[PDB]
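Student: Below is the file start29.cif, which contains mmCIF, C-alpha atoms and all ligand atoms.
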data_input
loop_
_atom_site.label_atom_id
_atom_site.label_comp_id
_atom_site.auth_asym_id
_atom_site.auth_seq_id
_atom_site.Cartn_x
_atom_site.Cartn_y
_atom_site.Cartn_z
CA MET A 1 -23.75 56.40 -161.35
CA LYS A 2 -20.71 57.86 -159.51
CA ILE A 3 -19.36 56.00 -156.53
CA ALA A 4 -16.77 57.41 -154.18
CA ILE A 5 -14.99 54.90 -151.96
CA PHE A 6 -13.91 56.43 -148.70
CA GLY A 7 -11.66 55.50 -145.80
CA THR A 8 -8.20 55.32 -144.24
CA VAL A 9 -5.09 53.40 -145.43
CA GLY A 10 -5.76 49.63 -145.41
CA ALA A 11 -9.57 49.95 -145.08
CA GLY A 12 -9.81 47.90 -148.26
CA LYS A 13 -10.78 50.49 -150.86
CA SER A 14 -8.83 48.91 -153.70
CA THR A 15 -10.29 45.48 -152.80
CA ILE A 16 -13.86 46.73 -152.47
CA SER A 17 -13.72 48.94 -155.58
CA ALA A 18 -12.16 46.16 -157.69
CA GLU A 19 -15.06 43.97 -156.59
CA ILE A 20 -17.76 46.57 -157.35
CA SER A 21 -16.08 47.05 -160.70
CA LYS A 22 -16.35 43.35 -161.62
CA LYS A 23 -20.00 43.37 -160.65
CA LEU A 24 -21.07 46.60 -162.40
CA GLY A 25 -18.53 47.03 -165.20
CA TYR A 26 -17.27 50.47 -164.22
CA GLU A 27 -13.75 51.84 -164.32
CA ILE A 28 -11.78 52.70 -161.20
CA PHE A 29 -10.13 56.03 -160.54
CA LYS A 30 -7.01 55.00 -158.73
CA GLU A 31 -4.09 57.38 -158.17
CA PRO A 32 -1.49 54.64 -158.41
CA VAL A 33 1.08 54.67 -155.64
CA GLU A 34 3.63 53.11 -158.03
CA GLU A 35 3.73 56.24 -160.21
CA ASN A 36 3.96 58.74 -157.35
CA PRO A 37 7.67 59.73 -157.35
CA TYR A 38 7.53 61.09 -153.78
CA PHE A 39 6.19 57.95 -152.15
CA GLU A 40 9.47 56.09 -151.73
CA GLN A 41 11.17 58.75 -149.55
CA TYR A 42 7.87 60.00 -148.16
CA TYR A 43 7.61 58.02 -144.91
CA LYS A 44 11.39 58.01 -144.21
CA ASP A 45 11.25 61.71 -143.35
CA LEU A 46 7.77 63.22 -143.04
CA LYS A 47 8.79 66.81 -142.19
CA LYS A 48 10.73 67.24 -145.48
CA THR A 49 8.42 65.36 -147.86
CA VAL A 50 4.77 65.81 -146.80
CA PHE A 51 4.06 69.34 -148.12
CA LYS A 52 5.39 68.54 -151.60
CA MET A 53 3.67 65.14 -151.48
CA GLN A 54 0.27 66.63 -150.57
CA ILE A 55 0.64 69.12 -153.42
CA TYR A 56 1.48 66.35 -155.88
CA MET A 57 -1.67 64.62 -154.74
CA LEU A 58 -4.06 67.50 -155.41
CA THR A 59 -2.42 67.93 -158.87
CA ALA A 60 -2.89 64.20 -159.60
CA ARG A 61 -6.45 64.02 -158.28
CA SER A 62 -7.41 67.18 -160.21
CA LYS A 63 -5.92 65.88 -163.44
CA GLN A 64 -7.94 62.67 -163.22
CA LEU A 65 -11.16 64.69 -162.85
CA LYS A 66 -10.58 66.18 -166.32
CA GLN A 67 -11.30 62.62 -167.55
CA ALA A 68 -13.85 61.42 -164.99
CA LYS A 69 -16.52 63.99 -165.94
CA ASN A 70 -16.67 62.57 -169.49
CA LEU A 71 -18.17 59.28 -168.20
CA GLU A 72 -21.61 58.33 -166.85
CA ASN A 73 -20.31 55.53 -164.61
CA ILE A 74 -17.25 55.74 -162.35
CA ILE A 75 -15.81 54.28 -159.18
CA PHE A 76 -13.42 56.51 -157.21
CA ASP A 77 -10.87 54.81 -154.99
CA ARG A 78 -10.34 57.86 -152.71
CA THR A 79 -11.59 61.35 -153.54
CA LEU A 80 -10.40 64.95 -153.39
CA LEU A 81 -12.31 65.22 -150.07
CA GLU A 82 -9.89 62.92 -148.34
CA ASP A 83 -6.69 64.64 -149.37
CA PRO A 84 -7.00 67.58 -146.89
CA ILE A 85 -7.46 64.89 -144.19
CA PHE A 86 -3.85 63.80 -144.72
CA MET A 87 -2.56 67.37 -144.41
CA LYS A 88 -4.48 67.90 -141.16
CA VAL A 89 -3.06 64.68 -139.67
CA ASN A 90 0.48 65.91 -140.26
CA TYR A 91 -0.43 69.29 -138.81
CA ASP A 92 -1.83 67.92 -135.52
CA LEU A 93 1.36 65.88 -135.32
CA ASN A 94 3.55 69.04 -135.78
CA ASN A 95 4.95 67.56 -139.03
CA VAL A 96 4.05 70.64 -141.08
CA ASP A 97 4.02 74.06 -139.40
CA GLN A 98 1.04 76.48 -139.22
CA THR A 99 2.22 78.58 -142.18
CA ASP A 100 2.63 75.56 -144.49
CA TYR A 101 -0.80 74.30 -143.37
CA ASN A 102 -2.44 77.66 -143.98
CA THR A 103 -0.91 77.74 -147.47
CA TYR A 104 -2.48 74.37 -148.38
CA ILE A 105 -5.95 74.98 -146.95
CA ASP A 106 -6.06 78.49 -148.44
CA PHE A 107 -4.83 76.95 -151.70
CA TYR A 108 -7.15 73.90 -151.56
CA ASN A 109 -10.27 76.12 -151.55
CA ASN A 110 -9.32 79.12 -153.67
CA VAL A 111 -7.14 77.32 -156.22
CA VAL A 112 -8.21 73.63 -156.28
CA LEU A 113 -12.02 73.50 -155.67
CA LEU A 123 -17.47 66.40 -157.94
CA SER A 124 -21.05 65.16 -157.36
CA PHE A 125 -21.07 61.52 -156.13
CA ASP A 126 -24.22 59.47 -156.08
CA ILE A 127 -22.81 57.67 -153.05
CA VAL A 128 -19.82 57.92 -150.74
CA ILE A 129 -19.08 54.52 -149.30
CA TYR A 130 -17.25 54.85 -145.99
CA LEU A 131 -15.24 51.70 -145.29
CA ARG A 132 -15.26 52.10 -141.51
CA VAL A 133 -12.49 50.17 -139.77
CA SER A 134 -10.55 50.04 -136.51
CA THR A 135 -6.89 50.98 -136.60
CA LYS A 136 -5.78 47.45 -135.56
CA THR A 137 -7.42 45.84 -138.63
CA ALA A 138 -6.10 48.60 -140.96
CA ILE A 139 -2.58 48.21 -139.47
CA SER A 140 -2.66 44.42 -140.07
CA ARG A 141 -4.15 44.95 -143.54
CA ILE A 142 -1.19 47.24 -144.33
CA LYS A 143 1.07 44.36 -143.18
CA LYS A 144 -0.88 41.84 -145.27
CA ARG A 145 -1.76 43.94 -148.36
CA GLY A 146 -0.17 47.45 -148.35
CA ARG A 147 3.45 48.23 -149.42
CA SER A 148 7.12 48.25 -148.22
CA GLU A 149 7.08 51.99 -147.42
CA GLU A 150 3.92 52.02 -145.29
CA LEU A 151 5.65 49.72 -142.80
CA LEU A 152 8.37 52.31 -142.09
CA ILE A 153 6.49 54.96 -140.00
CA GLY A 154 5.26 54.45 -136.41
CA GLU A 155 1.68 53.45 -135.67
CA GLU A 156 0.60 56.70 -133.97
CA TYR A 157 0.38 58.10 -137.50
CA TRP A 158 -2.26 55.45 -138.41
CA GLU A 159 -4.25 56.12 -135.24
CA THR A 160 -4.50 59.89 -135.86
CA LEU A 161 -5.33 59.36 -139.54
CA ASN A 162 -8.12 56.96 -138.59
CA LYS A 163 -9.38 59.31 -135.82
CA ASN A 164 -9.33 62.11 -138.42
CA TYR A 165 -11.39 60.04 -140.89
CA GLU A 166 -14.14 59.54 -138.28
CA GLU A 167 -13.95 63.27 -137.44
CA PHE A 168 -14.42 64.07 -141.16
CA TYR A 169 -17.33 61.67 -141.57
CA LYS A 170 -18.95 63.15 -138.45
CA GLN A 171 -18.58 66.80 -139.62
CA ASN A 172 -19.81 66.08 -143.14
CA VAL A 173 -22.36 63.30 -142.54
CA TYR A 174 -25.28 65.45 -143.67
CA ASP A 175 -23.55 67.07 -146.68
CA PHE A 176 -22.61 63.95 -148.70
CA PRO A 177 -24.68 60.86 -149.50
CA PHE A 178 -22.61 58.78 -147.07
CA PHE A 179 -23.15 55.05 -146.67
CA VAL A 180 -21.25 53.32 -143.88
CA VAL A 181 -19.91 49.80 -144.35
CA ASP A 182 -18.50 47.86 -141.42
CA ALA A 183 -15.13 47.17 -142.98
CA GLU A 184 -14.38 44.57 -140.25
CA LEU A 185 -16.79 42.21 -142.05
CA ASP A 186 -15.84 39.60 -144.71
CA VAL A 187 -15.24 41.05 -148.20
CA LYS A 188 -18.11 38.92 -149.58
CA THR A 189 -20.53 40.37 -147.02
CA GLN A 190 -19.32 43.92 -147.61
CA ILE A 191 -19.86 43.55 -151.37
CA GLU A 192 -23.31 42.04 -150.71
CA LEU A 193 -24.21 45.12 -148.61
CA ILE A 194 -22.86 47.56 -151.22
CA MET A 195 -24.67 45.91 -154.14
CA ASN A 196 -28.04 46.07 -152.36
CA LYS A 197 -27.65 49.75 -151.54
CA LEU A 198 -26.59 50.43 -155.14
CA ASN A 199 -29.52 48.43 -156.52
CA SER A 200 -31.94 50.48 -154.44
CA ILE A 201 -30.81 53.90 -155.83
CA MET B 1 -8.62 98.29 -170.16
CA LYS B 2 -6.36 95.65 -168.54
CA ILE B 3 -2.68 96.37 -168.24
CA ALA B 4 -0.11 93.80 -167.23
CA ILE B 5 3.24 95.16 -166.11
CA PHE B 6 6.04 92.75 -166.84
CA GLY B 7 9.69 92.36 -165.90
CA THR B 8 12.36 91.17 -163.47
CA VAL B 9 13.00 92.24 -159.84
CA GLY B 10 13.92 95.95 -159.69
CA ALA B 11 12.76 96.75 -163.25
CA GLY B 12 10.49 99.37 -161.71
CA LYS B 13 7.06 97.77 -161.98
CA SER B 14 5.73 99.21 -158.74
CA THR B 15 7.05 102.67 -159.73
CA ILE B 16 5.68 102.52 -163.28
CA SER B 17 2.32 101.04 -162.27
CA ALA B 18 1.85 103.57 -159.44
CA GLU B 19 2.46 106.28 -162.04
CA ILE B 20 0.04 104.84 -164.61
CA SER B 21 -2.47 104.54 -161.80
CA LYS B 22 -2.25 108.25 -160.91
CA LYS B 23 -2.70 109.15 -164.56
CA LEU B 24 -5.61 106.81 -165.40
CA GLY B 25 -7.31 106.20 -162.06
CA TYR B 26 -7.05 102.42 -162.04
CA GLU B 27 -6.30 100.09 -159.16
CA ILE B 28 -3.10 98.07 -158.91
CA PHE B 29 -2.95 94.33 -158.39
CA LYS B 30 0.08 93.97 -156.20
CA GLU B 31 0.89 90.76 -154.33
CA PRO B 32 2.43 92.57 -151.39
CA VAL B 33 5.78 91.20 -150.30
CA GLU B 34 5.06 92.36 -146.72
CA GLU B 35 2.21 89.85 -146.33
CA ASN B 36 4.06 86.89 -147.84
CA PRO B 37 5.07 84.83 -144.76
CA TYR B 38 7.77 82.89 -146.66
CA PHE B 39 9.69 85.90 -147.92
CA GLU B 40 11.80 86.55 -144.83
CA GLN B 41 13.51 83.13 -144.78
CA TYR B 42 13.19 82.69 -148.54
CA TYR B 43 16.58 83.97 -149.75
CA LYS B 44 18.53 82.69 -146.71
CA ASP B 45 18.12 79.10 -147.93
CA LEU B 46 16.69 78.71 -151.45
CA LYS B 47 16.72 74.88 -151.61
CA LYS B 48 14.36 74.54 -148.58
CA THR B 49 12.01 77.47 -149.24
CA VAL B 50 11.51 77.95 -153.01
CA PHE B 51 9.02 75.14 -153.77
CA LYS B 52 6.66 76.17 -150.96
CA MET B 53 7.19 79.84 -151.86
CA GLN B 54 6.34 79.31 -155.54
CA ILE B 55 3.19 77.44 -154.50
CA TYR B 56 2.15 80.26 -152.17
CA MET B 57 2.57 82.60 -155.08
CA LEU B 58 0.25 80.78 -157.48
CA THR B 59 -2.35 80.56 -154.65
CA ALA B 60 -2.03 84.32 -154.02
CA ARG B 61 -2.08 85.32 -157.69
CA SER B 62 -5.09 83.05 -158.34
CA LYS B 63 -7.02 84.45 -155.40
CA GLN B 64 -6.56 88.01 -156.64
CA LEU B 65 -7.99 87.04 -160.04
CA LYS B 66 -11.30 86.16 -158.35
CA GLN B 67 -11.59 89.97 -158.08
CA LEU B 71 -13.77 94.64 -162.87
CA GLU B 72 -13.23 96.64 -166.08
CA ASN B 73 -10.02 98.70 -165.56
CA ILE B 74 -6.99 97.13 -163.85
CA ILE B 75 -3.23 97.42 -163.64
CA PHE B 76 -1.32 94.23 -162.81
CA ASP B 77 2.06 94.59 -161.16
CA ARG B 78 3.34 91.13 -162.27
CA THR B 79 1.09 88.43 -163.71
CA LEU B 80 0.55 84.69 -163.44
CA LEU B 81 2.72 84.35 -166.58
CA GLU B 82 5.82 85.41 -164.72
CA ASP B 83 5.52 83.03 -161.80
CA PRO B 84 6.70 79.91 -163.71
CA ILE B 85 9.74 82.01 -164.73
CA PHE B 86 10.90 82.04 -161.10
CA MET B 87 10.54 78.26 -160.80
CA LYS B 88 12.56 77.70 -163.99
CA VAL B 89 15.37 79.97 -162.73
CA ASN B 90 15.74 77.87 -159.59
CA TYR B 91 15.66 74.70 -161.68
CA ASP B 92 18.49 75.75 -164.04
CA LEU B 93 20.41 76.64 -160.90
CA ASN B 94 19.83 73.12 -159.40
CA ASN B 95 17.91 74.72 -156.49
CA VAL B 96 14.84 72.53 -157.03
CA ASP B 97 15.27 69.02 -158.44
CA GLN B 98 13.63 67.63 -161.63
CA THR B 99 10.79 65.91 -159.75
CA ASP B 100 9.82 69.06 -157.81
CA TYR B 101 9.97 71.06 -161.07
CA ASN B 102 7.82 68.55 -162.92
CA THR B 103 5.26 68.70 -160.11
CA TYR B 104 4.93 72.50 -160.43
CA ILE B 105 4.77 72.71 -164.23
CA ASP B 106 2.34 69.76 -164.38
CA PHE B 107 0.37 71.47 -161.61
CA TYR B 108 0.59 74.99 -163.12
CA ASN B 109 -1.18 73.87 -166.32
CA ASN B 110 -3.63 71.21 -165.18
CA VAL B 111 -4.56 72.73 -161.81
CA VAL B 112 -3.86 76.50 -162.00
CA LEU B 113 -4.64 77.67 -165.59
CA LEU B 123 -6.61 86.44 -167.99
CA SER B 124 -6.83 88.54 -171.18
CA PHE B 125 -4.62 91.67 -171.02
CA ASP B 126 -5.07 94.53 -173.42
CA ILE B 127 -1.35 95.18 -173.10
CA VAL B 128 1.68 93.57 -171.49
CA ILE B 129 4.26 96.23 -170.78
CA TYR B 130 7.73 94.70 -170.62
CA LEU B 131 10.02 96.89 -168.52
CA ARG B 132 13.24 95.77 -170.23
CA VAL B 133 16.35 96.38 -168.14
CA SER B 134 19.96 95.26 -167.78
CA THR B 135 20.89 93.29 -164.69
CA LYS B 136 23.28 96.03 -163.46
CA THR B 137 20.48 98.64 -163.28
CA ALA B 138 18.05 96.13 -161.67
CA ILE B 139 20.74 95.13 -159.13
CA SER B 140 21.33 98.80 -158.19
CA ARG B 141 17.57 99.45 -158.13
CA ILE B 142 17.13 96.51 -155.72
CA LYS B 143 20.09 97.94 -153.81
CA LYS B 144 18.37 101.30 -153.34
CA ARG B 145 14.66 100.48 -153.59
CA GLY B 146 13.99 96.76 -152.85
CA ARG B 147 14.44 95.49 -149.23
CA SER B 148 17.02 93.81 -146.94
CA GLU B 149 15.98 90.25 -147.96
CA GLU B 150 16.75 90.76 -151.66
CA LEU B 151 20.27 91.87 -150.73
CA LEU B 152 21.08 88.49 -149.15
CA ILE B 153 21.45 86.17 -152.23
CA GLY B 154 24.33 86.31 -154.73
CA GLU B 155 24.01 88.19 -158.01
CA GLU B 156 24.14 85.14 -160.34
CA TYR B 157 20.52 84.62 -159.31
CA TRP B 158 19.58 88.07 -160.72
CA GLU B 159 21.47 87.42 -163.96
CA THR B 160 19.68 84.11 -164.67
CA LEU B 161 16.30 85.60 -163.73
CA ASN B 162 16.87 88.49 -166.13
CA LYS B 163 18.16 86.13 -168.87
CA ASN B 164 15.02 84.02 -168.28
CA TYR B 165 12.74 87.07 -168.64
CA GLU B 166 14.22 87.86 -172.09
CA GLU B 167 13.88 84.15 -173.01
CA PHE B 168 10.19 84.29 -172.00
CA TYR B 169 9.53 87.50 -173.93
CA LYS B 170 11.26 85.99 -176.97
CA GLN B 171 9.24 82.72 -176.88
CA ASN B 172 5.91 84.46 -176.33
CA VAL B 173 6.38 87.71 -178.28
CA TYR B 174 3.69 86.81 -180.81
CA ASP B 175 1.14 85.38 -178.32
CA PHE B 176 0.66 88.40 -176.02
CA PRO B 177 0.15 92.06 -176.89
CA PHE B 178 3.67 92.89 -175.68
CA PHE B 179 4.97 96.45 -175.59
CA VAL B 180 8.64 96.93 -174.75
CA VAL B 181 9.77 99.89 -172.68
CA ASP B 182 13.46 100.69 -172.29
CA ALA B 183 13.49 100.61 -168.51
CA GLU B 184 16.95 102.27 -168.49
CA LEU B 185 15.23 105.55 -169.39
CA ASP B 186 14.02 108.23 -166.90
CA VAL B 187 10.70 107.38 -165.18
CA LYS B 188 9.11 110.52 -166.71
CA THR B 189 10.07 109.39 -170.22
CA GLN B 190 8.90 105.84 -169.60
CA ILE B 191 5.49 107.09 -168.41
CA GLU B 192 5.31 109.42 -171.43
CA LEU B 193 5.91 106.41 -173.74
CA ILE B 194 3.34 104.24 -171.92
CA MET B 195 0.62 106.91 -171.95
CA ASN B 196 0.93 107.44 -175.72
CA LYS B 197 0.68 103.72 -176.45
CA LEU B 198 -2.33 103.48 -174.12
CA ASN B 199 -3.98 106.51 -175.73
CA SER B 200 -3.63 104.93 -179.15
CA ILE B 201 -5.57 101.81 -178.09
CA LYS B 202 -8.14 103.52 -175.76
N1 LIG A 301 -3.60 62.62 -149.58
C1 LIG A 301 -2.89 61.51 -149.48
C2 LIG A 301 -3.32 60.36 -150.14
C3 LIG A 301 -2.58 59.18 -150.03
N2 LIG A 301 -1.39 59.15 -149.27
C4 LIG A 301 -0.62 57.90 -149.18
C5 LIG A 301 -1.22 57.19 -147.99
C6 LIG A 301 -1.15 55.73 -148.38
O1 LIG A 301 -0.02 55.13 -147.71
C7 LIG A 301 -0.92 55.71 -149.89
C8 LIG A 301 -2.02 54.93 -150.64
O2 LIG A 301 -3.31 55.17 -150.08
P1 LIG A 301 -4.35 53.97 -149.74
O3 LIG A 301 -3.46 52.72 -149.19
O4 LIG A 301 -5.42 54.38 -148.79
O5 LIG A 301 -4.99 53.42 -151.11
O6 LIG A 301 -0.96 57.08 -150.31
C9 LIG A 301 -0.95 60.33 -148.61
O7 LIG A 301 0.09 60.35 -147.94
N3 LIG A 301 -1.71 61.50 -148.72
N1 LIG A 302 7.10 83.86 -158.57
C1 LIG A 302 7.74 84.70 -157.77
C2 LIG A 302 7.32 86.02 -157.64
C3 LIG A 302 8.01 86.89 -156.79
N2 LIG A 302 9.13 86.42 -156.06
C4 LIG A 302 9.85 87.34 -155.15
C5 LIG A 302 11.00 87.88 -156.00
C6 LIG A 302 11.07 89.35 -155.65
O1 LIG A 302 12.23 89.60 -154.86
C7 LIG A 302 9.83 89.63 -154.80
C8 LIG A 302 9.04 90.89 -155.26
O2 LIG A 302 8.95 91.00 -156.69
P1 LIG A 302 9.24 92.38 -157.49
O3 LIG A 302 10.22 93.31 -156.54
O4 LIG A 302 9.79 92.11 -158.84
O5 LIG A 302 7.89 93.23 -157.59
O6 LIG A 302 9.00 88.45 -154.89
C9 LIG A 302 9.54 85.07 -156.19
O7 LIG A 302 10.50 84.61 -155.57
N3 LIG A 302 8.83 84.22 -157.06
MG MG A 303 -5.64 51.78 -152.09
MG MG A 304 7.34 95.16 -157.24
#
Taking this structure as input, can you express it in the form of structure tokens?
Ligand SMILES: Nc1ccn([C@H]2C[C@H](O)[C@@H](COP(=O)(O)O)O2)c(=O)n1
Ligand SMILES: Nc1ccn([C@H]2C[C@H](O)[C@@H](COP(=O)(O)O)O2)c(=O)n1
Ligand SMILES: [Mg+2]
Ligand SMILES: [Mg+2]

Tutor:
Amino acid sequence: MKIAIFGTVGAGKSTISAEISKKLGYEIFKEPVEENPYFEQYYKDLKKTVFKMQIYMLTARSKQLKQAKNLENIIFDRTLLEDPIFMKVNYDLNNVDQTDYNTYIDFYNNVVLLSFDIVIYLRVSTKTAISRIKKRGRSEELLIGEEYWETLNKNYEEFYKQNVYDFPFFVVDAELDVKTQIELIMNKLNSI
Amino acid sequence: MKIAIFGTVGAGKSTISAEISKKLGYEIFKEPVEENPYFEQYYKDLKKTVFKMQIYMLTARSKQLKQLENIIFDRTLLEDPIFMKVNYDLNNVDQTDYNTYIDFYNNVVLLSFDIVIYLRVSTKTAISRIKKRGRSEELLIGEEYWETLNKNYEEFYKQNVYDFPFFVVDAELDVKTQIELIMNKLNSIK
């Protein structure tokens, strides 16, 4: 049983996956923000840091997968699907030029490129996510303007909508109480 | 028969490999500098460009490998990390950014050559060969860069001498004599 957990910053992936974990007894794949050495300067100056950051992320996510395929039962807090989403956001915002974007996408498919039983999309409005970053995120995520969070969220919907038929997506209203979200996830899991 | 051609900038890899090609009838794998969109600004400002550039290179080199019995490789994926290390020793890419690449290179990126032909050459010759046969971009950066690169090529050969079927060619010699030496080594494996 392999469970991807899917959604923007402050959707509540760590919360939801930690809860699933307690209930099922599975480990969480969690690229920990506290070990990422780019994160601290990242938001202070997006133009300079993003490319390198996005590269570090593929490296980190790909290294975990050399350990994830050993195990029958996993929970993924974010997947390798979601990483290109972050690069596209910065591109639409003119924070990484065309060339640097082409390099990544080209790269992503012909260098980097994984079969989830379910992809749980924690669907959430940007307001809630923004306040959940304030409540539960980190120091650094407070630094950048909110337009960034709006485009990211818009780009998550966009991604779900392009790929809805290609992945075993299951949408959870992430506006709901955590208890009710977990209840909904457990019943879907029990039925597969 | 898979032939890697190995050495620093201006050793004469394109010349040597084009010659081998004519003699054997094999295609050349040549990451063409004219298609690399980073190259033009690359040398003008190494700190800004190198990381991205070195990433583009692994991508390009890895994409070619997704393409066959008889090949000649003008530069291999072995030599790419050499360029990143050069810029690191020169403080042109910090520790973090170097760690990211090396980490990456092994656990993301990582291919069996019958021969690795090391076109061994002094930096003076290479510098004058860039001067007459490279391009305008390679003229822009100082020479210390070429000296460390060359030093780092020897270093690499010396660490890996036993792990790859290395064959050293005195690249100071005439092209005709180099080709003569390569063909005889090739004939004695073929
Ligand atoms: N490809 C990625 C993945 C993550 N992050 C950053 C965005 C978040 O601020 C932080 C942690 O992600 P999350 O809060 O969704 O768990 O990592 C990023 O910039 N690019
Ligand atoms: N990993 C690499 C590979 C190549 N180059 C640049 C250095 C050379 O100036 C140019 C062409 O290589 P050569 O003339 O040795 O064939 O490509 C680079 O900066 N980093
Ligand atoms: Mg999280
Ligand atoms: Mg060449």

Student: Within 8 Å of ligand MG 304 (chain A) (counting only C-alpha atoms and all ligand atoms), which residues show up? I'd like them as a list in words.

Tutor: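 So, counting only C-alpha atoms and all ligand atoms, the residues near ligand MG 304 (chain A) are residues 9, 10, 12, 13, 14, 15, 30, 77 and 78 of chain B.
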
Student: Do a neighbour search on range 197-201 of chain A at 10 Å with all atoms listed in the file, toss out local chain neighbours closer than 5 positions, and write the hits as number ranges by chain.

Tutor: A: 1, 3, 20, 24, 126-127, 179, 191-192

Student: With a distance threshold of 7 Å and counting all atoms listed in the file, extract the residues of chain B near chain A and express them as JSON, numbers by chain.

Tutor: {"B": [56, 59, 62, 63, 103, 107, 110, 111, 112]}

Student: Please dump the current selection as a PDB file, in the coordinates of the input; keep C-alpha atoms.

Tutor:
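See again15.pdb below for the written result:
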ATOM      1  CA  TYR B  56       2.150  80.260-152.170  1.00  0.00           C
ATOM      2  CA  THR B  59      -2.350  80.560-154.650  1.00  0.00           C
ATOM      3  CA  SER B  62      -5.090  83.050-158.340  1.00  0.00           C
ATOM      4  CA  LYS B  63      -7.020  84.450-155.400  1.00  0.00           C
ATOM      5  CA  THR B 103       5.260  68.700-160.110  1.00  0.00           C
ATOM      6  CA  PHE B 107       0.370  71.470-161.610  1.00  0.00           C
ATOM      7  CA  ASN B 110      -3.630  71.210-165.180  1.00  0.00           C
ATOM      8  CA  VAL B 111      -4.560  72.730-161.810  1.00  0.00           C
ATOM      9  CA  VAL B 112      -3.860  76.500-162.000  1.00  0.00           C
TER      10      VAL B 112
END

Student: Report the closest atom pair, with its distance in Å rounded to one decimal, for each residue of chain A that has an atom no farther than 6 Å from ligand LIG 301 (chain A); count all atoms listed in the file, sort by chain and then rising residue number, and write it as JSON lines.

Tutor:
{"residue": "A:8", "atom": "CA", "partner": "A:LIG301", "partner_atom": "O4", "distance": 5.4}
{"residue": "A:9", "atom": "CA", "partner": "A:LIG301", "partner_atom": "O4", "distance": 3.5}
{"residue": "A:10", "atom": "CA", "partner": "A:LIG301", "partner_atom": "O3", "distance": 5.4}
{"residue": "A:33", "atom": "CA", "partner": "A:LIG301", "partner_atom": "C8", "distance": 5.9}
{"residue": "A:54", "atom": "CA", "partner": "A:LIG301", "partner_atom": "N1", "distance": 5.7}
{"residue": "A:57", "atom": "CA", "partner": "A:LIG301", "partner_atom": "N1", "distance": 5.9}
{"residue": "A:83", "atom": "CA", "partner": "A:LIG301", "partner_atom": "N1", "distance": 3.7}
{"residue": "A:86", "atom": "CA", "partner": "A:LIG301", "partner_atom": "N1", "distance": 5.0}
{"residue": "A:150", "atom": "CA", "partner": "A:LIG301", "partner_atom": "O1", "distance": 5.6}

Student: Just to confirm, what's the straight-line distance from atom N3 of ligand LIG 302 (chain A) to CA of residue 39 in chain A in Å (one decimal)?

Tutor: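 According to the coordinates, atom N3 of ligand LIG 302 (chain A) and CA of residue 39 in chain A are separated by 26.9 Å.
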
Student: Have a look at B:177, B:146, B:37, B:25 and name the one nearest to ligand LIG 302 (chain A); count only C-alpha atoms and all ligand atoms.

Tutor: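 Going through B:177, B:146, B:37, B:25 one by one, the smallest distance to ligand LIG 302 (chain A) is for B:146.
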
Student: In Å to one decimal, how far is CA of residue 113 in chain B from CA of residue 93 in chain B?

Tutor: 25.5 Å

Student: Select the residues contacting ligand LIG 302 (chain A) at a distance of at most 8 Å, based on all atoms listed in the file, then format the selection as a PDB file with C-alpha atoms, in the frame of the given file.

Tutor:
ATOM      1  CA  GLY B   7       9.690  92.360-165.900  1.00  0.00           C
ATOM      2  CA  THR B   8      12.360  91.170-163.470  1.00  0.00           C
ATOM      3  CA  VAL B   9      13.000  92.240-159.840  1.00  0.00           C
ATOM      4  CA  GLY B  10      13.920  95.950-159.690  1.00  0.00           C
ATOM      5  CA  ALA B  11      12.760  96.750-163.250  1.00  0.00           C
ATOM      6  CA  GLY B  12      10.490  99.370-161.710  1.00  0.00           C
ATOM      7  CA  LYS B  13       7.060  97.770-161.980  1.00  0.00           C
ATOM      8  CA  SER B  14       5.730  99.210-158.740  1.00  0.00           C
ATOM      9  CA  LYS B  30       0.080  93.970-156.200  1.00  0.00           C
ATOM     10  CA  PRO B  32       2.430  92.570-151.390  1.00  0.00           C
ATOM     11  CA  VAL B  33       5.780  91.200-150.300  1.00  0.00           C
ATOM     12  CA  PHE B  39       9.690  85.900-147.920  1.00  0.00           C
ATOM     13  CA  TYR B  42      13.190  82.690-148.540  1.00  0.00           C
ATOM     14  CA  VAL B  50      11.510  77.950-153.010  1.00  0.00           C
ATOM     15  CA  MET B  53       7.190  79.840-151.860  1.00  0.00           C
ATOM     16  CA  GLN B  54       6.340  79.310-155.540  1.00  0.00           C
ATOM     17  CA  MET B  57       2.570  82.600-155.080  1.00  0.00           C
ATOM     18  CA  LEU B  58       0.250  80.780-157.480  1.00  0.00           C
ATOM     19  CA  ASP B  77       2.060  94.590-161.160  1.00  0.00           C
ATOM     20  CA  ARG B  78       3.340  91.130-162.270  1.00  0.00           C
ATOM     21  CA  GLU B  82       5.820  85.410-164.720  1.00  0.00           C
ATOM     22  CA  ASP B  83       5.520  83.030-161.800  1.00  0.00           C
ATOM     23  CA  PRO B  84       6.700  79.910-163.710  1.00  0.00           C
ATOM     24  CA  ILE B  85       9.740  82.010-164.730  1.00  0.00           C
ATOM     25  CA  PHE B  86      10.900  82.040-161.100  1.00  0.00           C
ATOM     26  CA  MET B  87      10.540  78.260-160.800  1.00  0.00           C
ATOM     27  CA  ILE B 142      17.130  96.510-155.720  1.00  0.00           C
ATOM     28  CA  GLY B 146      13.990  96.760-152.850  1.00  0.00           C
ATOM     29  CA  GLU B 149      15.980  90.250-147.960  1.00  0.00           C
ATOM     30  CA  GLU B 150      16.750  90.760-151.660  1.00  0.00           C
TER      31      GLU B 150
END

Student: Select the residues contacting ligand MG 303 (chain A) at a distance of at most 12 Å, based on all atoms listed in the file, then format the selection as a ChimeraX atom specification.

Tutor: /A:5-18,28-34,76-79,131,138,141-142,145-147,150
